[PDB]
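One chain is shown next in structure tokens, namely the form deposited in one PDB entry.
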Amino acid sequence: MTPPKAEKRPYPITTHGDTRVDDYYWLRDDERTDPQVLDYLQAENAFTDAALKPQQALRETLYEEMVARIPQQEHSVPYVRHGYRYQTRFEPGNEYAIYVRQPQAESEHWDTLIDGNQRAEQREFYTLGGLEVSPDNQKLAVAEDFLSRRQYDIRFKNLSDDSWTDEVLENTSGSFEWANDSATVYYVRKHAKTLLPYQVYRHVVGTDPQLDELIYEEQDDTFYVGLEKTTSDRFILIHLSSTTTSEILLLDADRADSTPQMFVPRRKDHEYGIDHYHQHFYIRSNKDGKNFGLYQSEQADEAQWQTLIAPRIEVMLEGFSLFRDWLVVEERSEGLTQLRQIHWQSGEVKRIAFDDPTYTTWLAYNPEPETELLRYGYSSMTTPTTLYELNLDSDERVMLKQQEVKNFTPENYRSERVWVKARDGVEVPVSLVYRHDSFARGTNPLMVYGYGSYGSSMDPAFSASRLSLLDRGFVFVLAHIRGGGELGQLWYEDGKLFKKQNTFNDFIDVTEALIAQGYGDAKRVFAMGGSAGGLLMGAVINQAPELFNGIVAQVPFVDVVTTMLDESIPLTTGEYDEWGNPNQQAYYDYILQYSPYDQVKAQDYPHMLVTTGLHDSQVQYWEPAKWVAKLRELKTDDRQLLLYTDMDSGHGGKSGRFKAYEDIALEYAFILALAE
């Protein structure tokens, strides 16, 4: 009964002589210090509560259904690192993992490093960003988010007696490494207002952080500061990264007074990363090709890099792991992840087959290089997430664990890789899955999912929650659209900057091909995207509103032009080589044509559920809030338009193994009611 009507306070923004009027600009508050804002967000939540009350039963049915799939007890396969065996445990009803370990010689008794349920201690949000035991096995460092804004606290535990030290490192990125003395930690501090990771500090454990020494400050705010430690343990790396360009600095992990030593000075459009092992640096670099190569060197000097793997236009080299006798690399070709092993001596090459049309494989955690046992991951649209161990020499493979899914028989579902020819003749890969026994050409609701930014890939993986749609006749689709990484670096570059419109075109083209070929019911087409996938949702409903019956747009990036004009707002300065720099006229004009907030107009929009989190640090809460306000004022349809603001979460929604399914049940009930 009557949606809330945002206050209008005309706010002009002038760039290149173009004045845009933002009536809803006031919805932005930089602390949360304006009662007017909360009142709007609270009123939208009350309208959403009232409007979705009918589905109360169906939500609790789906919640209960999704929870019923999950083993209540869930134990990881143990591993051994520096004389200790480690395991991660959920016990019945637990929202968060318990991390335990024991001496390698021991079997009966395990010690608790940390209990997430104890640490979460009543709070609506908790994330362990990282935990790591000192090289001397005496101390534990943990990075925890208590709020959901990804401002990680770092704290330290004495493992001998399970006491905590007095100090906390605040507003960190959660990225840290131990010096080899186990007394010092290096860690990354975030800018107080932009939240950009920009400073490395040295901290002596057990001391006041006011005494922490600044080691490196990144002067160019288009870059991110991270920390890594090499396989050799000789170096802690300052990894400075941006869209286009890398630089690594070495810190001697064996010394207390290390200062950053330059590896290779930054060069525009040269991305590199390194490890150190067997006395050599191993470099993944795009110096000679966009799809990257792998290089070995005794020295930093780029002229000395020996080619191990030459860049191939057909193969994206993505990642690598170093063993005693084998190099193992993660590669992508024909839209599919593979792993390849190369013997350092014989140069013999072996590849890991998978015949599934619709899977992902990856290097899992391998704590020790001195072994012939590779642990690697596998998941598909039809096979739950699996941990394999491969003997690299004998080829024998053992399945260590497959995720148990209750109330599920894989033989009931089938998946396909389909190729869709886009409006410009370019072939776009699609992964889809459905329940065979309920499938009939032309009759099944479609759920089409896209992201398509940053060269991130929507790799086909198993979802247990997704069975709630598959078991009600849905065909679930991953559209591997340009801007994503699915076909290598050129696929990414062909969907950003002056090519970003290809992301949106590709998603429409895939959706129309699928309806034309009878995979979906033309009246029951749903789409979902989050964050950069929310940009996708926003652009496609402006451009092709009548295509979709209903839309879920999570933490959506929609105020593109205003956001990219403002260096004060988190992530802006790091994304000029993604969308463009709208201080430049060409970029301003190109981006304005798709910026969803700016292109809302008087037309019929599909049914829409917009979700955000008040603390969201990547897409600030006001973008979706403004976008809903402006949609409510101008839309000509009277279809559902709901805003759900979670007051106690951020970019990744509700924390907790079971709690997360509250958001998915709400989303899926909204879609299922429209598919009745």
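The first residue of the shown sequence is 1; numbering continues from there. Rigid core: the largest C-alpha set superposing within 1.5 Å between the two forms.
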Between 478-486 and 515-523, the record assigns the higher mean Cα B factor to 515-523
If you average the CA temperature factors as listed in the entry, which stretch comes out higher, 241-249 or 255-263?
255-263
Most elevated Cα B-factor in the entry, residues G93, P429, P556, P582:
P582
Looking at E416, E170, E144, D355, which has the highest Cα B-factor in the entry?
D355
Is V619 in the lowest, middle or highest third of its chain when residues are ranked by C-alpha B-factor?
lowest
The third of the chain into which the C-alpha temperature factor of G83 falls is the middle
By its CA B factor, does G289 count among the lowest, middle or highest third of the modelled residues in the chain?
middle
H651: C-alpha B-factor third of its chain, per the entry, is the lowest
Split the chain's modelled residues into thirds by Cα B-factor; is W305 in the lowest, middle or highest one?
highest
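This protein has a second form, the form deposited in another entry, left out of what is shown; the following refers to that one.
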Superpose on the rigid core and name the single residue from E314, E170, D589, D393 whose Cα moves by 2 angstroms or more between the shown form and the other one.
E170
Inspect the rigid-core superposition and answer whether the C-alpha of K659 shifts by 2 angstroms or more between the shown form and the other one.
yes
Large Cα move at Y365 between the shown form and the other one, threshold 2 Å, rigid core:
no
Can we say the CA of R482 moves by at least 2 Å between the shown form and the other one when the core is superposed?
no
